[PDB]
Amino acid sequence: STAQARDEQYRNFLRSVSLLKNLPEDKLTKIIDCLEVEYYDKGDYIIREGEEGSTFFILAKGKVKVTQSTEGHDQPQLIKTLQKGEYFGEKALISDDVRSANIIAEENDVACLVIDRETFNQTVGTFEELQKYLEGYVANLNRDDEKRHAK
């Protein structure tokens, strides 16, 4: 349809994302303008632990699992699942680190909205309330990683 109507469809979804509900319009618009879409089928690794990463992901369709290598275990342990409306991949950006867990599609036809580091920094990373929320969440993820003896 129009660019505007496509944008409205993305705006409506992004405003249903709890993380983004309070973001200023101009930064939401920048996410709409800069996002890309990636599709995955069941078992695909969206993120692999021990890889460089500088992109942030919003799950628009489907479910993924979060797994992580830990001490005393040979296979990665299942931390949680994420569903439509949730997000992942901020930690590498905020911690300036390699990817710290695997993100694996649990269903066929998973769809992610992806933005790069500069876009992230200029939107999420620039709106104080959200920046601080994610920085604090990442600090807790560090303590969870320590608790479970992440390798």
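Sequential numbering from 1, following the sequence displayed.
On average, which has the higher Cα B-factor in the deposited entry, 63 to 71 or 26 to 34?
The recorded data point to 63 to 71.
Averaged over C-alpha atoms, is the B-factor higher for 115 to 123 or for 43 to 51 in this PDB entry?
The stretch with the larger mean CA B-factor is 43 to 51.
Please say which third, lowest, middle or highest, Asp96 falls into when its CA temperature factor is compared across its chain.
Its C-alpha B-factor, which the entry lists for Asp96, ranks in the lowest third among residues of this chain.
If you rank every modelled residue in this chain by C-alpha B factor, which third holds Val138: lowest, middle or highest?
Its C-alpha B-factor belongs to the lowest third of this chain's values.
Lowest, middle or highest third: which one holds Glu106 when the chain's residues are ordered by CA B-factor from the entry?
Middle third of the chain for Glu106's C-alpha B-factor.
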